[PDB]
Amino acid sequence: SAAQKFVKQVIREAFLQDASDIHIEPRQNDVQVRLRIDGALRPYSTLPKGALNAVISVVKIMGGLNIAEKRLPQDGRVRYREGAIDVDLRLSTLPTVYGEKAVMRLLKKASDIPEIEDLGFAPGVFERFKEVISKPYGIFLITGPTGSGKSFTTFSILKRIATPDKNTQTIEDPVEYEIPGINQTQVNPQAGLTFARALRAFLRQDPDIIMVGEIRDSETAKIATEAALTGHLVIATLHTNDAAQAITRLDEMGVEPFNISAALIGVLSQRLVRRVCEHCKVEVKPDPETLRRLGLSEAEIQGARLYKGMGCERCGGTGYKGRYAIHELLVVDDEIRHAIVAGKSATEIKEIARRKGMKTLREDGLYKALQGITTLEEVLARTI
Amino acid sequence: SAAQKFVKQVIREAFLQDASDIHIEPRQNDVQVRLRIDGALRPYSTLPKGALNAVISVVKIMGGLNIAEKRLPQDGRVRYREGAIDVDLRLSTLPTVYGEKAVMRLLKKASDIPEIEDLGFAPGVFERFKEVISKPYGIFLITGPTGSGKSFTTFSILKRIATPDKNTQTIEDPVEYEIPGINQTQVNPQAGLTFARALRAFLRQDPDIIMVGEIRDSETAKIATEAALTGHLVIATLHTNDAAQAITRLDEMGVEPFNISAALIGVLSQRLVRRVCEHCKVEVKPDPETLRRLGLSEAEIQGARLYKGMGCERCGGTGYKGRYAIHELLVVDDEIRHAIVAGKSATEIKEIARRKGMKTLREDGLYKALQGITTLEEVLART
Amino acid sequence: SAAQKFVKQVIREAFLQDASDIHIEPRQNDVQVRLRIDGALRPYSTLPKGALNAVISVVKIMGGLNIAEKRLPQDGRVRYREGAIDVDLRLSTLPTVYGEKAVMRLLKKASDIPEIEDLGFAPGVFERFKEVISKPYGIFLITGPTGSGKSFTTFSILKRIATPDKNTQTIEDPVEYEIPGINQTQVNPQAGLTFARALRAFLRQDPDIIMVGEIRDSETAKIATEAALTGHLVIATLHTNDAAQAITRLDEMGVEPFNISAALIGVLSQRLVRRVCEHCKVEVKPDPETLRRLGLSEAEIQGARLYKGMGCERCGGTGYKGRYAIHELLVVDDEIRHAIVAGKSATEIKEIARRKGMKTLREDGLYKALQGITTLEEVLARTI
Amino acid sequence: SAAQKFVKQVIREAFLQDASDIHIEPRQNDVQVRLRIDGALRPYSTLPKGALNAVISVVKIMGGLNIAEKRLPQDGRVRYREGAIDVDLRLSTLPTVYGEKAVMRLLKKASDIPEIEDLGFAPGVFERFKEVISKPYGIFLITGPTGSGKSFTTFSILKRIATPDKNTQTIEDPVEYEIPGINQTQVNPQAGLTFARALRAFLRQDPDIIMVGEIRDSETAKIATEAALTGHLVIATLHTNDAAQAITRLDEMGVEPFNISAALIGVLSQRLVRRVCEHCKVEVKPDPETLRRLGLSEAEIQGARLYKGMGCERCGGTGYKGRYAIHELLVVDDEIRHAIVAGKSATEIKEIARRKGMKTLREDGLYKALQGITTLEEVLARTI
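- As named in the PDB entry, chain A is Type IV pilus assembly protein PilF, taken from Thermus thermophilus.
- Looking at the header, the entry is titled "Thermus thermophilus PilF ATPase (apoprotein form)".

- Within the PDB entry, the label attached to chain B reads Type IV pilus assembly protein PilF, and the organism entered is Thermus thermophilus.

Below is the structure:
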């Protein structure tokens with residue numbers, strides 16, 4: 001049985017205890033159970049070793065995975081609730097040396113959407129954000145966490161452009177982000193309504209603006225891109241953490257390249273870094289070669305200086321004052337179009353867009369790192 | 001067919017007697033079934049060559065392997081259970097011209113892992129070790145050959161930091177030691193599940209702590225950097241000639257060196273030397289040129305002594321009881337963050353580190369030899 | 001039967017006269033039977049075409065193949081013996097327009113394996129090879145085109161460590177050098193047991209030694225080397241004419257140069273220049289042009305007791321008796337490991353290597369010939 | 001279906017006349033059965049158009065093709081070696097205004113094997129031919145016409161290297177190009193023994209020398225090349241007309257470029273361009289732009305005149321004095337091996353050899369044109 005009582009109580013308590021995730025953890029004689037309370041995976045409970053495989057089936061059922069299988073890694077998405085307990089969860093299981101692990105990340109439950117300007121965009125990208133959002137066509141991707149970051153911010157563009165004067169529609173399995181002005185297609189793969197098939201249908205639904213809640217597979221990426229091809233703004237949750245990465249990804253997904261070429265217009269990021277404790281910030285020399293190699297706009301290479309917190313009344317034993325959303329706007333002009341199709345790297349696409357002082361997850365990130373807002377280290381982790 | 005117990009027992013004994021693995025090894029007429037105790041493949045039992053196949057058929061039974069496919073090796077973690085074992089076995093069966101063969105690596109458990117100091121560090125070298133693993137986030141690199149003790153460190157550090165407050169996950173193609181506080185897994189890069197793909201799995205699985213058994217592709221350093229600095233803490237392992245070289249190599253491997261310039265907290269390099277058995281140690285004098293090259297004074301050279309692991313039953317006939325490593329430790333600061341991004345050579349980085357008080361891998365080796373812990377011959381033979 | 005005797009007698013003499021193999025094949029009027037005595041297929045006897053099928057049926061019986069299926073290709077193995085003869089035979093057959101062809105190569109046993117110091121070494125080569133066998137872990141890059149002595153070399157290095165107390169695991173197809181106490185594997189790519197799959201198992205066999213008769217492909221190269229990197233000894237076959245080129249190939253076969261700079265012990269580039277038969281040893285000073293092609297110095301020319309392989313009888317008229325592993329030894333020292341980690345080419349490695357004493361195949365083979373071992377015609381055909 | 005009566009009157013005459021082809025022509029009321037002889041047709045027999053269709057099925061039958069499908073084109077070939085009938089028939093059908101043309105192309109009698117020097121290669125080619133065979137391993141690939149190029153010349157290579165002391169075998173269907181000292185295989189695709197299968201034995205038998213009469217399977221291309229990887233001298237026929245083409249084609253066959261690149265040591269070609277009278281020569285401009293576009297040595301681009309006959313009692317009647325053997329040797333070095341993987345063009349891969357004085361068909365040809373023996377037009381006719 002339990003097994004199941006751990007999934008259920010770990011979930012209830014994960015939410016009730018202010019955790020960021022749920023774990024039932026395959027172990028040597030047992031299965032450890034942990035909750036990410038205040039960011040830390042504190043012990044919760046224990047199951048006997050085989051109970052582990054029981055808990056991975058439970059979570060697979062919840063989000064469209066192969067329930068029966070007890071040996072292979074899988075992931076999908078769960079909308080879970082129980083009374084006071086109500087969270088969008090990231091579903092994933094993983095075979096371990098003691099059977100598969102059962103994990104449910106707690107994603108921000110819908111929580112609506114932030115705007116682009118709300119991010120506090122550096123003028124390097126903000127003035128250009130206005131440029132890009134004024135152009136309601138092509139694929140316009142968003143980076144970061146499931147729900148939480150990406151699907152949370154994916155519709156950020158839409159909040160700026162899905163105005164009374166534009167047709168917006170989104171495909172989700174099931175719908176979480178009930179956002180204006182969007183038609184939120186509810187994906188039901190068991191009947192053939194995959195995001196992919198729904199996207200082809202989005203064209204049938206005459207989009208000005210097209211959305212994907214999560215581009216989770218090749219048929220979906222292929223079709224999302226087809227959906228952009230006829231001149232519509234395919235805004236989408238791209239399973240990435242870097243704007244330039246979001247751009248190249250369609251090739252990686254096996255998207256038929258004729259669609260890729262006709263589709264991409266730009267990418268939005270706000271990926272978070274640990275924010276340096278500004279008030280006890282430790283001078284750290286950035287390495288300007290680190291910054292150069294990163295491809296930053298010279299002043300932001302040379303006059304740049306790092307900090308790290310030493311620990312503080314404003315960061316605790318982390319060295320960082322909570323978090324900082326790093327800004328980015330990539331813009332796909334004709335030369336970038338060629339770069340995408342050619343399979344150019346995130347560094348190359350970002351480095352190009354970055355010039356003229358344009359902020360990227362790397363340039364804004366590192367730029368702020370270099371003021372003492374974050375640490376170049378963290379930024380680099382954001383933009384690897 | 002006594003073979004069923006036979007398989008389970010060679011396995012049982014390999015684990016019981018502290019082997020790293022099990023070998024049901026064929027011969028022209030019989031089978032040399034062995035246990036790798038202290039590194040020696042001790043003869044558990046022979047089998048008639050005909051019984052070889054009965055025995056290998058059994059390892060395929062126990063492992064759920066395609067027992068009918070005599071033309072192929074088959075492999076996986078086998079839940080063999082008898083006496084000493086609840087060790088999982090990396091069963092690998094294989095056809096031979098004598099019939100078939102099978103090997104079972106002992107997937108030691110959490111409870112079997114060594115400490116981070118047990119690795120054999122000099123106090124100041126260890127101080128650096130400790131500082132690096134003690135951070136709440138960031139990455140600790142380990143480097144050297146399998147048999148470098150890299151495993152001891154790899155498993156040990158997580159034993160040390162994989163507490164009940166940090167979900168830990170580990171990426172180990174051979175598994176070897178199934179760490180505490182951890183949801184450790186298999187890799188098999190042939191399947192697409194490379195060591196980097198496994199890091200991505202860990203992140204999907206919300207680890208607070210992530211570890212890489214082998215950096216192969218650049219993603220095993222780059223994702224490791226991500227996790228290390230996306231709020232998680234990371235341990236990761238390479239195969240180099242020094243600590244300094246870990247940095248050199250990651251740049252060379254395609255880790256755009258602003259990665260690691262970023263997460264790298266520090267680097268450990270090591271090599272195991274066989275550890276002289278107390279029932280084998282023989283006093284011999286080490287060579288003055290080597291000793292001098294490794295920093296020993298003339299007065300010390302004349303008083304210098306090595307101990308040779310001559311051989312006894314208490315050490316599996318290897319002459320050495322257990323293993324001990326040669327060490328080098330680097331802590332990352334601004335001098336190093338530059339060197340990392342700059343793509344500096346192992347020599348260039350090592351010299352910076354020596355300025356900072358780091359003993360080199362080879363110098364430290366000598367000093368272990370001089371205590372009779374190992375033999376200088378063994379040190380040199382291992383670096 | 002005559003067929004049994006045709007097979008018995010050719011094998012009988014194949015062993016006794018030192019053939020590396022037996023070749024029975026149809027020609028336009030008969031079937032020629034040849035022995036690779038001292039490196040070339042001297043004529044042994046012939047048999048009358050219908051006899052091909054009778055004789056070949058017998059060799060198929062020996063190797064376990066389908067007796068007379070002269071319409072489709074096959075392979076297998078036999079444990080052959082007569083007394084004083086004991087050799088396994090390598091069997092494969094080919095349907096031809098004249099009936100079906102076969103080859104029975106002689107599968108040399110452990111008793112036929114040289115020592116390490118015998119692997120083409122000059123006094124200075126062993127001193128340096130001492131340093132090679134003394135390296136902590138890694139791979140021995142034995143290299144050259146088919147027809148060379150690579151299988152002896154792989155076994156010589158292996159034999160040193162090929163014991164009942166070591167996990168000696170070899171790839172042969174079928175097994176030749178049976179050493180009781182070690183595991184010797186026949187690959188089966190038809191089943192899926194490619195050399196690489198076998199090696200994957202070998203790595204999974206927790207080998208002390210991965211000895212590979214043929215680096216068939218990239219995975220085969222890597223996996224054997226993965227053991228080399230992961231604390232084991234690896235002994236294997238490459239196809240180059242420079243030791244520097246062997247390394248270049250190891251790097252170019254997909255074996256990571258960064259890992260190779262750790263995993264590589266040494267390179268044994270060698271070619272079996274055929275040795276001039278003692279009974280045909282006619283002083284020749286080759287063309288004379290080959291004398292200059294191989295680089296002889298005046299001193300070496302004056303001492304050039306170069307002989308022509310006229311054959312006479314010792315290998316029939318094929319020219320030579322005994323073979324010599326011309327040996328270009330590259331000790332993979334820290335400067336070579338550096339050249340490797342740096343991604344250096346065969347030229348660049350060769351320049352460092354020769355600077356460090358890596359006498360080339362051209363120079364060494366040449367010297368062997370000067371010493372009365374071989375003919376420079378063979379050295380030229382055995383170098384680059 | 002007789003139909004066949006008219007066709008058979010023709011296979012009799014067509015084979016007797018050394019015709020290039022047998023033409024069952026889909027005409028308006030009837031079917032012509034024509035003979036292409038000495039480069040051009042003459043008619044011989046006539047079927048009704050109803051019989052056209054009968055023959056379309058007949059030739060599809062001979063190749064094991066879909067004989068019911070009288071509307072769509074199909075091909076293959078058959079061993080028509082019935083005494084007086086001694087030429088393979090190339091099976092092809094092709095739909096026209098009155099049904100498919102049914103074709104029985106005469107895959108010209110081997111005309112056996114030249115002793116390669118016999119080709120009359122320019123000295124900078126022949127002496128290099130000799131240089132290539134001095135290193136007897138890997139692939140020595142040859143192109144050119146059936147009966148005057150394909151296996152004609154690859155077997156010429158065997159004739160010059162595959163002595164009785166080498167384990168040498170070929171794959172043909174049927175065997176025609178015969179060499180004493182060598183095994184020659186009949187492929188039996190009917191049994192399932194395709195050229196790939198024939199090669200599987202060639203690889204498995206560990207020969208000194210391997211010959212493929214026609215690289216006619218994915219697996220054939222692959223296996224021949226896999227054998228070459230280990231140093232077997234895989235001489236092979238690639239049924240095309242240019243060495244430069246032959247250098248990269250196996251990749252098209254699905255053959256791993258690792259094995260293709262590692263394998264090659266040289267590739268030849270030959271042509272029959274028509275000669276001119278010389279005595280009654282017509283000056284034709286050796287246009288240097290033609291020659292430059294061709295990539296010829298300046299020795300030929302500028303150092304030249306072409307000569308055409310007048311058609312002309314010393315030619316004829318096309319203005320040319322019979323067939324003129326033109327040759328090529330693309331010697332393969334390390335840079336060429338890099339080019340194989342790259343997939344360099346025929347002009348480029350050919351140009352490299354040409355600039356070394358190694359006259360290619362394009363140079364040896366055009367050279368012979370530019371020397372006034374033939375015209376650039378006839379050579380270009382073949383050096384396309």
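Next comes the rest of the write-up.
Quick notes on a nonpolar patch on the surface
At step 1: Taken together, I61(C), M62(C) and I67(C) make up a surface patch of nonpolar side chains, about 250 Å² in accessible area.
At step 2: In this fold, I61(C) is placed in helix α2 (residues 50-63).

Describing the nonpolar core
Among soluble globular proteins, nonpolar side chains are generally buried collectively.
At step 1: Residues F129(D), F140(D), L141(D), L158(D), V212(D), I215(D) and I235(D) are the most contacted members of the largest nonpolar core, which totals 73 residues.
At step 2: In terms of residue count, the dominant contributor to this core is helix α5 (residues 195-204) of chain D (7 residues).
At step 3: Not counting the four nearest positions on each side in its chain, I235(D) is found in contact with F140(D), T154(D), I157(D), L158(D), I161(D), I209(D), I210(D), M211(D) and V212(D).
At step 4: Residues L294(A), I373(A), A263(B) and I352(B) belong to the second largest nonpolar core, which totals 71 residues.

A look at the UniProt feature "binding site: Zn(2+)" in chain A
Residues and elements named next belong to chain A.
At step 1: Mapped onto this numbering, the UniProt entry annotates "binding site: Zn(2+)" at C277, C280, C312 and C315. In terms of the greatest pairwise C-alpha distance, the residues named above, spread along 39 residues, form a tight cluster of at most 9.4 Å across.
At step 2: Structurally, the position occupied by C277 is in the loop between β13 (272-276) and β14 (281-284).
At step 3: With a relative accessible area of 0%, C277 lands in the buried category.
At step 4: Apart from the residues within four sequence positions on either side, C277 is in contact with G309, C312, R314, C315, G319, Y320 and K321.
At step 5: In this view, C280 contacts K308, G309, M310, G311 and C312; residues no more than four positions away in its chain are not counted.

Re the UniProt feature "binding site: Zn(2+)" in chain B
Residues and elements named next belong to chain B.
At step 1: Under the feature "binding site: Zn(2+)", the UniProt entry names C277, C280, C312 and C315.
At step 2: With respect to the element layout, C312 can be found in the loop between β14 (306-309) and β15 (320-331).
At step 3: The residues touching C312, leaving out its near neighbours within four places in the chain, are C277, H279, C280 and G317.
At step 4: In this structure, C315 sits in the loop between β14 and β15.
At step 5: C315 sits in the buried class, given a relative accessible area of 0%.

Here we look at the interface of chain D and chain C
At step 1: Listed as interface residues are 42 residues of chain D and, on the opposing side, 44 residues of chain C.
At step 2: Here chain D packs against chain C, burying approximately 3300 Å² in sum over the two surfaces, 48% of which is carbon and sulfur.
At step 3: If you sort the residues of chain D by the area they bury against chain C, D165(D), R204(D) and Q205(D) come out on top, with a joint share of 19%.
At step 4: The tally of links from chain D across to chain C stands at 5 salt bridges.
At step 5: Of the charged contacts in the structure, one is a salt bridge between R216(C) and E226(D), with a shortest N-O distance of 2.9 Å.

Regarding the pattern of salt bridges
At step 1: The full count for this structure, using the stated rule, is 166 salt bridges over all chains.
At step 2: Salt-bridge contacts for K60(A) lead to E100(A); the nearest nitrogen and oxygen are separated by 2.9 Å. One end of the pair, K60(A), is in helix α2 (residues 51-62); the other, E100(A), is in strand β6 (residues 99-107), and 40 residues separate them in sequence. Both residues of the pair, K60(A) and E100(A), belong to the buried class.
At step 3: A salt bridge links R34(C) to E25(C); the shortest N-O distance between them is 3.0 Å. Per residue, the accessibility class of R34(C) equals that of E25(C), and both read buried.
At step 4: Each of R77(D), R81(D), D86(D), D88(D), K109(D), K150(D), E176(D), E214(D) and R216(D) takes part in one network of salt bridges that share partners.

Description of the interface of chain B and chain A
At step 1: Residue-level contacts link 52 residues of chain B with 52 residues of chain A.
At step 2: Interface area, chain B with chain A, both sides summed: about 4000 Å², of which 47% is carbon and sulfur.
At step 3: Counting the surface chain B buries against chain A, the share from its top three residues, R204(B), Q205(B) and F258(B), is 17%.
At step 4: Along the contact surface separating chain B from chain A lie 7 salt bridges.
At step 5: Put simply, chain B and chain A have 36 residue pairs in polar contact between them.
At step 6: Mapped onto the side of chain B that touches chain A, the elements with two or more residues apiece are β8 (168-171), α5 (195-204), α6 (219-229), α8 (258-261) and α11 (334-342) of chain B.
At step 7: For the side of chain B that touches chain A, the class distribution of residues is 18 nonpolar, 17 polar and 17 charged.

Notes on the packing of aromatic side chains
All names here are of chain B.
At step 1: Scanning the entire structure with this criterion turns up 20 aromatic pairs over all chains.
At step 2: Measuring from ring centre to ring centre gives 4.5 Å for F129 and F140, while their planes differ by 50°; the resulting arrangement is tilted. Taken as a pair, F129 in helix α3 (residues 123-133) and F140 in strand β7 (residues 138-143) lie far apart in primary sequence, 11 residues in all.
At step 3: By relative accessible area, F129 is classed as buried at 0%.
At step 4: Among the aromatic residues, those joined into a cluster by ring pairs are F121, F126, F129 and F140.

Focus on the environment of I142(A)
All names here are of chain A.
At step 1: Relative to the helices and strands, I142 resides in strand β7 (residues 139-142).
At step 2: For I142, a relative accessible area of 0% corresponds to the buried category.
At step 3: Sequence separation between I142 and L268 is 126 residues; the distance between their C-alpha atoms is 5.0 Å.
At step 4: Beyond its immediate sequence surroundings of up to four residues, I142 is in contact with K150, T153, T154, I157, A236, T237, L238 and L268.

Some remarks on the pairing of strand β1 (residues 19-26) of chain A
Residue and element names in this part refer to chain A.
At step 1: Counting buried residues in β1 gives 7 out of 8 residues, a clear majority hidden from the surface.
At step 2: As paired elements, β1 and strand β2 (residues 30-37) share 6 bridges and run antiparallel to each other. Within the sheet, the bridge partner assigned to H23 lies in β2 and is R34.
At step 3: If you look at the hairpin formed by β1 and β2, you'll find 3 residues sitting between the two strands.
At step 4: The pairing of β1 with β6 spans 4 bridges and is classified as antiparallel.

Let's talk about the sheet that holds strand β12 (residues 264-276) of chain B
Residue and element names in this part refer to chain B.
At step 1: The strand order across the open sheet built from 6 strands is β8-β10-β11-β7-β12-β15, with neighbouring strands paired in mixed fashion. In the strand order of this sheet, the two ends are held by β8 and β15, each with one partner. Within this sheet the neighbouring strands show an average axis-to-axis angle of 20°, counted without direction.
At step 2: Where strand β10 (residues 209-212) and strand β11 (residues 233-238) come together, 4 bridges link them in parallel fashion. Paired with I210 across the bridge in β11 is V234.
At step 3: Its contacts with the sheet place helix α13 (residues 361-369) against β12 and β15, and it is angled at close to 145° to β15.

Quick word on the sheet that holds strand β4 (residues 74-81) of chain C
At step 1: Taken together, 6 strands build an open sheet; the order of strands is β3-β2-β1-β6-β5-β4 (chain C) and the sheet is antiparallel. The outermost strands of the open sheet, each flanked by one partner alone, are β3 (40-47) and β4 of chain C. Across the sheet, the mean angle separating the axes of adjacent strands is 20° when strand polarity is ignored.
At step 2: Alignment of β4(C) against strand β5 (residues 86-96) of chain C, held across 8 bridges, turns out to be antiparallel. When the bridges of β5(C) are listed, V78(C) appears paired with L89(C).
At step 3: Across the sheet, α5(D) is in contact with β4 and β5 of chain C; its angle to β5(C) comes to roughly 155°.

Conventions used here
Residues numbered from 1 in each chain as written, not as in the entry; some residues may be left out. Chains lettered and ligands numbered in written order. Part of a larger assembly, values for the part shown. Heavy atoms only, no water. Residues with missing side-chain atoms left out of burial classes, pairs and counts. Patch = residues over 30% accessible without salt bridge, like charges linked within 9 Å, V, L, I, M, F, W, Y side chains within 5 Å. Areas by Shrake-Rupley, 256 points an atom, 1.4 Å probe, with all protein chains shown as cover. Salt bridge = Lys/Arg side-chain N within 4 Å of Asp/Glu carboxyl O. Helix = DSSP H or I, 4+ residues; strand = E, 2+ residues; numbered from the N terminus. Core = buried A, V, L, I, M, F, W, Y, C linked by side-chain atoms within 4.5 Å. Buried < 20%, exposed > 50% of the residue type's maximum accessible area, 1.4 Å probe, protein only. Contact = heavy atoms within 4.5 Å. UniProt positions renumbered as here; feature names shortened; annotations may be inferred. Buried area = accessible area lost by both parts, 1.4 Å probe. Polar contact = N/O pair within 3.5 Å; in protein donor to acceptor, adjacent residues only side chain to side chain. Nonpolar A, V, L, I, M, F, W, Y, C, P; charged D, E, K, R; others polar. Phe/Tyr/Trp six-rings, centres within 6.5 Å; stacked < 30°, edge-to-face > 60°. Pairing = 2+ DSSP bridges. Axes fitted to C-alpha atoms, helices over the stretch in contact; angles between N-to-C directions.

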